[PDB]
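Participant: Next comes the structure file coords.pdb, holding PDB, C-alpha atoms and all ligand atoms.
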```
ATOM      1  CA  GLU A   2      26.307 -43.359  49.338
ATOM      2  CA  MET A   3      24.546 -40.012  49.717
ATOM      3  CA  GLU A   4      26.233 -38.360  46.743
ATOM      4  CA  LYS A   5      25.127 -41.167  44.428
ATOM      5  CA  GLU A   6      21.620 -41.174  45.874
ATOM      6  CA  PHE A   7      21.506 -37.396  45.519
ATOM      7  CA  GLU A   8      22.316 -37.515  41.802
ATOM      8  CA  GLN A   9      19.735 -40.268  41.370
ATOM      9  CA  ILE A  10      16.967 -38.300  43.090
ATOM     10  CA  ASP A  11      17.876 -35.115  41.234
ATOM     11  CA  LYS A  12      17.853 -36.898  37.866
ATOM     12  CA  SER A  13      14.352 -38.305  38.390
ATOM     13  CA  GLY A  14      13.388 -35.127  40.225
ATOM     14  CA  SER A  15      11.685 -37.118  42.961
ATOM     15  CA  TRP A  16      12.645 -35.162  46.074
ATOM     16  CA  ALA A  17       9.002 -34.545  46.932
ATOM     17  CA  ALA A  18       8.370 -38.297  46.911
ATOM     18  CA  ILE A  19      11.462 -39.098  49.002
ATOM     19  CA  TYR A  20      10.530 -36.370  51.500
ATOM     20  CA  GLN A  21       6.919 -37.530  51.803
ATOM     21  CA  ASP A  22       8.181 -41.067  52.391
ATOM     22  CA  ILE A  23      10.041 -39.839  55.471
ATOM     23  CA  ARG A  24       6.902 -38.070  56.705
ATOM     24  CA  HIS A  25       4.865 -41.262  56.261
ATOM     25  CA  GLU A  26       7.404 -43.297  58.244
ATOM     26  CA  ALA A  27       8.065 -40.642  60.899
ATOM     27  CA  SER A  28       7.383 -41.577  64.529
ATOM     28  CA  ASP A  29       4.177 -40.520  66.273
ATOM     29  CA  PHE A  30       4.187 -40.130  70.058
ATOM     30  CA  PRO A  31       1.749 -38.357  72.394
ATOM     31  CA  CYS A  32       2.018 -34.652  73.232
ATOM     32  CA  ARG A  33      -0.511 -34.641  76.046
ATOM     33  CA  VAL A  34       1.150 -32.145  78.379
ATOM     34  CA  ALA A  35       1.682 -29.731  75.484
ATOM     35  CA  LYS A  36      -2.046 -30.027  74.771
ATOM     36  CA  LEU A  37      -3.216 -29.338  78.333
ATOM     37  CA  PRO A  38      -5.507 -26.290  78.534
ATOM     38  CA  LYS A  39      -3.177 -24.497  80.936
ATOM     39  CA  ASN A  40      -0.371 -24.584  78.346
ATOM     40  CA  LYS A  41      -2.342 -23.223  75.425
ATOM     41  CA  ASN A  42      -0.577 -19.854  75.685
ATOM     42  CA  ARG A  43       2.853 -21.488  75.915
ATOM     43  CA  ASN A  44       2.665 -22.784  72.345
ATOM     44  CA  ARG A  45       3.271 -20.569  69.321
ATOM     45  CA  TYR A  46       1.821 -23.068  66.836
ATOM     46  CA  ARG A  47      -1.213 -25.273  67.472
ATOM     47  CA  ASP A  48       0.207 -28.029  65.251
ATOM     48  CA  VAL A  49       3.770 -28.036  66.588
ATOM     49  CA  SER A  50       4.246 -29.643  69.981
ATOM     50  CA  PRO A  51       6.964 -31.528  71.834
ATOM     51  CA  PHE A  52       6.412 -35.250  72.492
ATOM     52  CA  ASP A  53       5.971 -36.001  76.184
ATOM     53  CA  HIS A  54       8.804 -38.532  76.292
ATOM     54  CA  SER A  55      11.429 -36.103  75.015
ATOM     55  CA  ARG A  56      10.110 -32.760  76.260
ATOM     56  CA  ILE A  57      12.357 -30.494  78.308
ATOM     57  CA  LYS A  58      10.976 -30.023  81.810
ATOM     58  CA  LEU A  59      11.435 -26.721  83.618
ATOM     59  CA  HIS A  60      12.640 -27.209  87.196
ATOM     60  CA  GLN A  61       9.624 -25.661  88.922
ATOM     61  CA  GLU A  62       6.681 -27.179  90.788
ATOM     62  CA  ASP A  63       4.235 -24.660  89.309
ATOM     63  CA  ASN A  64       4.185 -25.487  85.585
ATOM     64  CA  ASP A  65       7.176 -27.312  84.099
ATOM     65  CA  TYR A  66       6.061 -26.998  80.474
ATOM     66  CA  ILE A  67       7.975 -25.324  77.661
ATOM     67  CA  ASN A  68       7.735 -26.111  73.949
ATOM     68  CA  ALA A  69      11.181 -27.680  73.623
ATOM     69  CA  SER A  70      12.533 -31.169  72.895
ATOM     70  CA  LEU A  71      15.771 -32.970  73.683
ATOM     71  CA  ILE A  72      17.095 -34.609  70.514
ATOM     72  CA  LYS A  73      19.554 -37.131  71.943
ATOM     73  CA  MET A  74      21.548 -38.737  69.147
ATOM     74  CA  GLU A  75      22.931 -41.807  70.913
ATOM     75  CA  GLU A  76      25.141 -43.040  68.059
ATOM     76  CA  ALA A  77      26.562 -39.600  67.174
ATOM     77  CA  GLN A  78      26.968 -38.898  70.882
ATOM     78  CA  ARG A  79      25.662 -35.342  70.603
ATOM     79  CA  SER A  80      22.468 -33.719  71.856
ATOM     80  CA  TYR A  81      20.508 -30.644  70.834
ATOM     81  CA  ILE A  82      17.516 -28.921  72.383
ATOM     82  CA  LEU A  83      15.075 -27.802  69.672
ATOM     83  CA  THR A  84      12.521 -25.212  70.672
ATOM     84  CA  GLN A  85      10.045 -22.678  69.243
ATOM     85  CA  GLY A  86      10.893 -18.984  69.167
ATOM     86  CA  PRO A  87      10.054 -17.741  72.720
ATOM     87  CA  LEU A  88       6.733 -15.927  73.129
ATOM     88  CA  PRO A  89       6.276 -12.662  75.075
ATOM     89  CA  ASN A  90       5.263 -14.779  78.083
ATOM     90  CA  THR A  91       7.828 -17.579  77.743
ATOM     91  CA  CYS A  92      11.124 -15.670  77.564
ATOM     92  CA  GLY A  93      11.697 -16.261  81.270
ATOM     93  CA  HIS A  94      10.991 -19.964  80.701
ATOM     94  CA  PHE A  95      13.372 -20.000  77.728
ATOM     95  CA  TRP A  96      16.302 -18.682  79.753
ATOM     96  CA  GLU A  97      15.341 -20.825  82.734
ATOM     97  CA  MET A  98      15.763 -23.790  80.383
ATOM     98  CA  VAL A  99      19.139 -22.542  79.124
ATOM     99  CA  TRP A 100      20.356 -22.224  82.699
ATOM    100  CA  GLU A 101      19.024 -25.510  84.071
ATOM    101  CA  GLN A 102      20.247 -27.483  81.051
ATOM    102  CA  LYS A 103      23.682 -25.832  81.251
ATOM    103  CA  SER A 104      23.662 -24.780  77.588
ATOM    104  CA  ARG A 105      26.625 -22.690  76.412
ATOM    105  CA  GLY A 106      25.203 -21.694  73.048
ATOM    106  CA  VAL A 107      21.918 -20.613  71.482
ATOM    107  CA  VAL A 108      21.421 -20.915  67.733
ATOM    108  CA  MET A 109      18.717 -18.687  66.209
ATOM    109  CA  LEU A 110      17.827 -19.342  62.560
ATOM    110  CA  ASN A 111      15.029 -16.811  62.053
ATOM    111  CA  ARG A 112      14.488 -13.063  62.354
ATOM    112  CA  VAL A 113      12.106 -11.554  64.905
ATOM    113  CA  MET A 114       9.884 -10.392  62.047
ATOM    114  CA  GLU A 115       9.410 -12.373  58.852
ATOM    115  CA  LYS A 116       6.840 -11.767  56.123
ATOM    116  CA  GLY A 117       5.303  -8.983  58.199
ATOM    117  CA  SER A 118       4.699 -11.148  61.278
ATOM    118  CA  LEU A 119       6.382 -11.569  64.651
ATOM    119  CA  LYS A 120       7.843 -15.087  64.532
ATOM    120  CA  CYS A 121       9.751 -14.696  67.790
ATOM    121  CA  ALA A 122       9.794 -12.420  70.817
ATOM    122  CA  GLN A 123      12.778 -10.116  71.407
ATOM    123  CA  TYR A 124      14.227 -12.338  74.130
ATOM    124  CA  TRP A 125      17.729 -10.855  74.338
ATOM    125  CA  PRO A 126      18.999  -7.291  74.989
ATOM    126  CA  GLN A 127      19.850  -5.276  71.896
ATOM    127  CA  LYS A 128      21.970  -2.723  73.791
ATOM    128  CA  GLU A 129      24.566  -3.138  76.556
ATOM    129  CA  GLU A 130      23.020  -0.374  78.693
ATOM    130  CA  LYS A 131      19.600  -2.021  78.684
ATOM    131  CA  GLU A 132      19.867  -5.459  80.248
ATOM    132  CA  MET A 133      16.843  -7.714  80.745
ATOM    133  CA  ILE A 134      15.468  -9.093  83.995
ATOM    134  CA  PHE A 135      12.972 -11.944  83.884
ATOM    135  CA  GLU A 136      11.177 -11.609  87.210
ATOM    136  CA  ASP A 137       9.206 -14.834  86.868
ATOM    137  CA  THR A 138      12.364 -16.961  86.623
ATOM    138  CA  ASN A 139      14.666 -14.601  88.549
ATOM    139  CA  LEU A 140      17.320 -14.327  85.834
ATOM    140  CA  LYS A 141      19.248 -11.361  84.421
ATOM    141  CA  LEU A 142      20.532 -11.107  80.855
ATOM    142  CA  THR A 143      23.117  -8.601  79.643
ATOM    143  CA  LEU A 144      24.542  -8.021  76.169
ATOM    144  CA  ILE A 145      28.327  -8.011  76.557
ATOM    145  CA  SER A 146      29.324  -7.570  72.916
ATOM    146  CA  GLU A 147      28.312  -8.530  69.390
ATOM    147  CA  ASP A 148      30.113  -9.288  66.135
ATOM    148  CA  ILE A 149      27.898  -8.427  63.169
ATOM    149  CA  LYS A 150      28.551 -10.053  59.790
ATOM    150  CA  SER A 151      26.639  -9.749  56.571
ATOM    151  CA  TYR A 152      24.128 -12.518  57.100
ATOM    152  CA  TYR A 153      24.715 -13.577  60.708
ATOM    153  CA  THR A 154      25.509 -12.029  64.067
ATOM    154  CA  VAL A 155      27.324 -13.598  67.009
ATOM    155  CA  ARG A 156      26.574 -12.138  70.415
ATOM    156  CA  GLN A 157      28.235 -12.681  73.747
ATOM    157  CA  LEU A 158      25.694 -12.609  76.574
ATOM    158  CA  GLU A 159      25.971 -12.856  80.350
ATOM    159  CA  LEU A 160      23.208 -14.845  82.020
ATOM    160  CA  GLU A 161      22.925 -14.449  85.780
ATOM    161  CA  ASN A 162      20.956 -16.533  88.240
ATOM    162  CA  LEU A 163      19.711 -13.768  90.553
ATOM    163  CA  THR A 164      18.921 -16.361  93.226
ATOM    164  CA  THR A 165      22.522 -17.560  93.554
ATOM    165  CA  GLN A 166      24.210 -14.684  91.738
ATOM    166  CA  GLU A 167      26.152 -17.227  89.673
ATOM    167  CA  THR A 168      27.114 -16.031  86.175
ATOM    168  CA  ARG A 169      27.584 -17.711  82.794
ATOM    169  CA  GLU A 170      28.589 -16.606  79.333
ATOM    170  CA  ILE A 171      26.076 -17.536  76.641
ATOM    171  CA  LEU A 172      27.074 -17.357  72.966
ATOM    172  CA  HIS A 173      24.243 -16.362  70.602
ATOM    173  CA  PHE A 174      24.535 -17.349  66.928
ATOM    174  CA  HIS A 175      21.966 -15.495  64.846
ATOM    175  CA  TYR A 176      21.494 -16.514  61.193
ATOM    176  CA  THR A 177      19.459 -13.675  59.664
ATOM    177  CA  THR A 178      19.093 -14.667  56.000
ATOM    178  CA  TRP A 179      17.401 -18.080  56.126
ATOM    179  CA  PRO A 180      13.794 -17.722  54.849
ATOM    180  CA  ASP A 181      10.949 -19.537  56.609
ATOM    181  CA  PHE A 182      10.260 -22.810  54.772
ATOM    182  CA  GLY A 183      13.351 -21.859  52.794
ATOM    183  CA  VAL A 184      17.016 -22.762  52.451
ATOM    184  CA  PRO A 185      20.332 -20.944  53.026
ATOM    185  CA  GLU A 186      21.913 -18.904  50.196
ATOM    186  CA  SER A 187      24.338 -21.752  49.577
ATOM    187  CA  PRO A 188      25.953 -24.737  51.294
ATOM    188  CA  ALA A 189      28.930 -22.409  51.733
ATOM    189  CA  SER A 190      27.142 -19.780  53.799
ATOM    190  CA  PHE A 191      25.422 -22.481  55.862
ATOM    191  CA  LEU A 192      28.600 -24.460  56.560
ATOM    192  CA  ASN A 193      30.483 -21.251  57.333
ATOM    193  CA  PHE A 194      27.873 -20.510  60.009
ATOM    194  CA  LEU A 195      27.787 -24.075  61.351
ATOM    195  CA  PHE A 196      31.554 -24.125  61.750
ATOM    196  CA  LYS A 197      31.335 -20.795  63.609
ATOM    197  CA  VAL A 198      29.063 -22.492  66.145
ATOM    198  CA  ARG A 199      31.378 -25.510  66.226
ATOM    199  CA  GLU A 200      34.543 -23.491  66.708
ATOM    200  CA  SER A 201      32.985 -21.659  69.668
ATOM    201  CA  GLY A 202      32.998 -24.909  71.624
ATOM    202  CA  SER A 203      29.264 -24.565  72.247
ATOM    203  CA  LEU A 204      28.708 -28.120  70.985
ATOM    204  CA  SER A 205      31.308 -29.675  73.273
ATOM    205  CA  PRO A 206      30.047 -32.629  75.333
ATOM    206  CA  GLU A 207      31.330 -30.892  78.471
ATOM    207  CA  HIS A 208      28.548 -28.318  78.066
ATOM    208  CA  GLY A 209      24.809 -28.830  78.183
ATOM    209  CA  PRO A 210      23.087 -29.369  74.832
ATOM    210  CA  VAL A 211      23.124 -26.363  72.514
ATOM    211  CA  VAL A 212      19.715 -24.716  72.118
ATOM    212  CA  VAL A 213      18.515 -24.416  68.514
ATOM    213  CA  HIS A 214      15.389 -22.595  67.399
ATOM    214  CA  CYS A 215      13.672 -20.871  64.504
ATOM    215  CA  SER A 216      10.017 -19.869  64.725
ATOM    216  CA  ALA A 217       8.502 -23.341  65.238
ATOM    217  CA  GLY A 218      11.765 -25.130  66.007
ATOM    218  CA  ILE A 219      11.475 -27.919  63.418
ATOM    219  CA  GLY A 220      11.984 -26.789  59.815
ATOM    220  CA  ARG A 221      15.097 -24.646  59.737
ATOM    221  CA  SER A 222      16.223 -25.992  63.142
ATOM    222  CA  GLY A 223      15.766 -29.565  61.918
ATOM    223  CA  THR A 224      17.843 -28.844  58.828
ATOM    224  CA  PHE A 225      20.644 -27.388  60.975
ATOM    225  CA  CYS A 226      20.807 -30.360  63.329
ATOM    226  CA  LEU A 227      20.542 -33.031  60.628
ATOM    227  CA  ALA A 228      23.519 -31.577  58.752
ATOM    228  CA  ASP A 229      25.585 -31.313  61.940
ATOM    229  CA  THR A 230      24.810 -34.823  63.198
ATOM    230  CA  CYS A 231      25.539 -36.356  59.775
ATOM    231  CA  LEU A 232      28.911 -34.614  59.636
ATOM    232  CA  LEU A 233      29.675 -35.729  63.207
ATOM    233  CA  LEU A 234      28.752 -39.374  62.470
ATOM    234  CA  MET A 235      30.917 -39.288  59.361
ATOM    235  CA  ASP A 236      33.701 -37.646  61.379
ATOM    236  CA  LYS A 237      33.734 -40.263  64.164
ATOM    237  CA  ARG A 238      34.158 -43.055  61.612
ATOM    238  CA  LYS A 239      36.039 -40.983  59.015
ATOM    239  CA  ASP A 240      33.803 -42.683  56.458
ATOM    240  CA  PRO A 241      31.362 -40.521  54.439
ATOM    241  CA  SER A 242      29.689 -43.633  53.026
ATOM    242  CA  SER A 243      28.677 -44.926  56.443
ATOM    243  CA  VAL A 244      26.036 -42.240  56.915
ATOM    244  CA  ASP A 245      22.431 -42.721  55.836
ATOM    245  CA  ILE A 246      20.946 -39.211  55.857
ATOM    246  CA  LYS A 247      17.321 -40.352  55.675
ATOM    247  CA  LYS A 248      17.890 -42.860  58.462
ATOM    248  CA  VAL A 249      19.405 -40.194  60.704
ATOM    249  CA  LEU A 250      16.514 -37.794  60.045
ATOM    250  CA  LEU A 251      14.058 -40.521  61.037
ATOM    251  CA  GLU A 252      16.038 -41.096  64.216
ATOM    252  CA  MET A 253      15.855 -37.410  65.017
ATOM    253  CA  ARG A 254      12.100 -37.375  64.352
ATOM    254  CA  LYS A 255      11.687 -39.848  67.198
ATOM    255  CA  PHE A 256      12.420 -36.862  69.496
ATOM    256  CA  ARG A 257      10.555 -33.978  67.815
ATOM    257  CA  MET A 258       7.893 -33.904  65.108
ATOM    258  CA  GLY A 259       8.260 -32.474  61.609
ATOM    259  CA  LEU A 260      12.034 -31.947  61.570
ATOM    260  CA  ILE A 261      12.798 -30.516  58.123
ATOM    261  CA  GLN A 262       9.647 -28.950  56.669
ATOM    262  CA  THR A 263      10.138 -29.049  52.888
ATOM    263  CA  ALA A 264      11.587 -31.390  50.300
ATOM    264  CA  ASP A 265      14.036 -28.637  49.362
ATOM    265  CA  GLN A 266      15.315 -28.303  52.926
ATOM    266  CA  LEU A 267      15.977 -32.044  52.786
ATOM    267  CA  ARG A 268      17.765 -31.613  49.462
ATOM    268  CA  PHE A 269      19.768 -28.772  50.948
ATOM    269  CA  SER A 270      20.777 -31.043  53.843
ATOM    270  CA  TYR A 271      22.346 -33.480  51.380
ATOM    271  CA  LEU A 272      24.187 -30.623  49.690
ATOM    272  CA  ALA A 273      25.535 -29.293  52.987
ATOM    273  CA  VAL A 274      26.662 -32.712  54.208
ATOM    274  CA  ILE A 275      28.276 -33.687  50.899
ATOM    275  CA  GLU A 276      30.202 -30.391  50.840
ATOM    276  CA  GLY A 277      31.032 -30.511  54.551
ATOM    277  CA  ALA A 278      32.487 -33.984  54.093
ATOM    278  CA  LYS A 279      35.428 -32.356  52.281
ATOM    279  CA  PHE A 280      36.575 -30.719  55.509
ATOM    280  CA  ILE A 281      35.921 -33.826  57.594
ATOM    281  CA  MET A 282      38.208 -35.873  55.356
ATOM    282  CA  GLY A 283      41.238 -33.578  55.501
ATOM    283  CA  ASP A 284      40.617 -30.722  53.074
ATOM    284  CA  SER A 285      41.219 -27.939  55.580
ATOM    285  CA  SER A 286      41.282 -25.349  52.770
ATOM    286  CA  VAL A 287      37.543 -25.622  51.986
ATOM    287  CA  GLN A 288      36.802 -23.787  55.228
ATOM    288  CA  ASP A 289      38.556 -20.678  53.906
ATOM    289  CA  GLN A 290      36.597 -21.057  50.673
ATOM    290  CA  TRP A 291      33.221 -21.208  52.427
ATOM    291  CA  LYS A 292      34.115 -18.051  54.329
ATOM    292  CA  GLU A 293      34.904 -16.285  51.048
ATOM    293  CA  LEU A 294      31.832 -17.568  49.188
ATOM    294  CA  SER A 295      29.596 -16.606  52.117
ATOM    295  CA  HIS A 296      30.492 -12.923  51.749
ATOM    296  CA  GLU A 297      30.210 -12.408  55.518
ATOM    297  CA  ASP A 298      32.268  -9.217  55.208
TER     298      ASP A 298
HETATM  299  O1  LIG A 301      11.467 -23.222  59.943
HETATM  300  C1  LIG A 301      10.761 -23.333  58.990
HETATM  301  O2  LIG A 301      11.253 -23.504  57.753
HETATM  302  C2  LIG A 301       9.233 -23.306  59.068
HETATM  303  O3  LIG A 301       8.781 -23.177  60.433
HETATM  304  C3  LIG A 301       7.384 -22.820  60.555
HETATM  305  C4  LIG A 301       6.399 -23.813  60.816
HETATM  306 BR1  LIG A 301       6.788 -25.641  61.023
HETATM  307  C5  LIG A 301       5.083 -23.309  60.906
HETATM  308  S1  LIG A 301       5.123 -21.629  60.659
HETATM  309  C6  LIG A 301       6.811 -21.523  60.443
HETATM  310  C7  LIG A 301       7.448 -20.302  60.197
HETATM  311  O4  LIG A 301       8.642 -20.192  60.051
HETATM  312  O5  LIG A 301       6.622 -19.240  60.134
END
```
If you convert what's in this file into structure tokens, what do you get?
Facilitator:
Amino acid sequence: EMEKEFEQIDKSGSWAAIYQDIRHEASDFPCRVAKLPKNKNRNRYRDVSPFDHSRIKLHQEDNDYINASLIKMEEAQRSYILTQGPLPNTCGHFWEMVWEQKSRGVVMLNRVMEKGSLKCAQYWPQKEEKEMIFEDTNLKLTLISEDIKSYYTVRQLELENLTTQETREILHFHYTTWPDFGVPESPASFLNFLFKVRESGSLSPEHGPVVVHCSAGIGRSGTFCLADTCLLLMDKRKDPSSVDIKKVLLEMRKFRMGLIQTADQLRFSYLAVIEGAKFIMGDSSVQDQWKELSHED
């Protein structure tokens, strides 16, 4: 029982210990391709790399490397692609990945600039009249519309494969108030955002895996995915007590290193899941409440 465990950890204030225990037990697989000299400029962080076994391969003979991992949650039956914020030279690769993997949604949990630094390249058009063309991957990206809320923006984009001229609508979910190595304002604002992504159908199994990223693609992104998977597990069995949050995080860490970067992000994951469980078990009204408490208007 997560709610009981939560109260127990909070009482003894031992979140740091619990979190470090997960780190100690976390899987360790090679990241040789990511460490190849030719890919040095394709990585934003020297200490954050995708494992070779779960890395996303670009469909090109030249260089198929991109700092992105496929987190395939067998039991939950849902997959996510976690990646770093695209660099000025990997935006073409980023969209190539979105196209090849047939993703319908992209979840961004960081701002382009945080604490005075550029944590992510401006990989999407900010104005309808100024579309983007990635010559290296022969793709065109156009902003179709955007719905701006107080702490998050949802954009509708049109991605076109210039080679075949095929077109696809990509939904962009941009959470703009989640601090690096931080946590959301409240479980309410986080769940409100998560359900926005869910209600878009971007997580449907008929689409490719949703792409999730922050700056490094493990802290904030890890928190997002853990919460979602836990709620999904719980939902499939309609049994909140059947989910072991720590166990699921460890499973996720088999696919990408360092998912969830601080003990508080872990603690926030519990909070989010516990609160989200209310909706899963039939309390439809809580959704309206989260929307109100989030102050998105
Ligand atoms: O997402 C997070 O909470 C932390 O991710 C980050 C990691 Br790993 C290294 S730097 C960095 C950042 O956001 O600058």
Participant: To check your reading of the model: which residues sit at most 6 Å from ligand LIG 301 (chain A) when counting all atoms listed in the file? Write the answer as number ranges by chain.
Facilitator: A: 181-183, 215-217, 219-221, 262
Participant: Applied to this file, what does the PyMOL selection byres (((chain A and resi 249) around 10) and not hetatm) return in terms of residues, put as a VMD selection string?
Facilitator: chain A and resid 74 76 to 77 227 to 228 230 to 231 234 244 to 248 250 to 254
Participant: Using only C-alpha atoms, which residues sit within 10 Å of range 134-146 of chain A once same-chain residues fewer than 5 positions away are excluded, as number ranges by chain?
Facilitator: A: 61, 90-98, 100, 124-129, 155-166, 168-171
Participant: Evaluate the PyMOL selection byres (((chain A and resi 72) around 8) and not hetatm) and record the selected residues as an NGL selection string, following the chain and residue labels used in the document.
Facilitator: :A and (55 or 70-71 or 73-74 or 80-83 or 253 or 256-257)
Participant: Can you measure CA of residue 52 in chain A to CA of residue 23 in chain A for me? One decimal in Å is fine.
Facilitator: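 CA of residue 52 in chain A sits 18.0 Å away from CA of residue 23 in chain A.
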Participant: Mind listing whatever residues come within 9 Å of the point (31.5, -40.1, 55.8)? Use all atoms listed in the file, file coordinates, and give them as a PyMOL selection string.
Facilitator: chain A and resi 2+231-244+274-275+278+281-282
Participant: Just to be explicit: take each residue in the selection above, keep C-alpha atoms, and write the result as a CSV table (one decimal), in the coordinates of the input.
Facilitator:
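selection-v1.csv written:
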```csv
chain,number,residue,atom,x,y,z
A,2,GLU,CA,26.3,-43.4,49.3
A,231,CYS,CA,25.5,-36.4,59.8
A,232,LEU,CA,28.9,-34.6,59.6
A,233,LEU,CA,29.7,-35.7,63.2
A,234,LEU,CA,28.8,-39.4,62.5
A,235,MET,CA,30.9,-39.3,59.4
A,236,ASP,CA,33.7,-37.6,61.4
A,237,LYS,CA,33.7,-40.3,64.2
A,238,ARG,CA,34.2,-43.1,61.6
A,239,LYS,CA,36.0,-41.0,59.0
A,240,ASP,CA,33.8,-42.7,56.5
A,241,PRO,CA,31.4,-40.5,54.4
A,242,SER,CA,29.7,-43.6,53.0
A,243,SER,CA,28.7,-44.9,56.4
A,244,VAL,CA,26.0,-42.2,56.9
A,274,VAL,CA,26.7,-32.7,54.2
A,275,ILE,CA,28.3,-33.7,50.9
A,278,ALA,CA,32.5,-34.0,54.1
A,281,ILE,CA,35.9,-33.8,57.6
A,282,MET,CA,38.2,-35.9,55.4
```
Participant: Since I can't run it myself right now, could you work out what the PyMOL selection byres (((chain A and resi 225) around 10) and not hetatm) selects here and report it as a PyMOL selection string?
Facilitator: chain A and resi 108+110+191-192+195+213-214+219-224+226-230+260-261+266+270+273
Participant: For residue 148 in chain A, which of A:298, A:25, A:66, A:292 is the closest residue, counting only C-alpha atoms?
Facilitator: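 Using only C-alpha atoms, residue 148 in chain A sits closest to A:298.
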Participant: Assuming 8 Å of padding per side, give the centre and edge lengths of the axis-aligned box around every listed atom of range 101-112 of chain A, in Å to one decimal and as AutoDock Vina command-line options.
Facilitator:
```
--center_x 20.6 --center_y -20.3 --center_z 73.1 --size_x 28.1 --size_y 30.4 --size_z 38.0
```
Participant: So how many Å separate CA of residue 79 in chain A and CA of residue 203 in chain A, to one decimal?
Facilitator: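 Spanning CA of residue 79 in chain A to CA of residue 203 in chain A is a straight-line distance of 11.5 Å.
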Participant: Between A:19, A:27, A:35, A:101, which one has atoms that come closest to residue 60 in chain A, using all atoms listed in the file?
Facilitator: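 Looking only at the distances to residue 60 in chain A, the closest residue turns out to be A:101.
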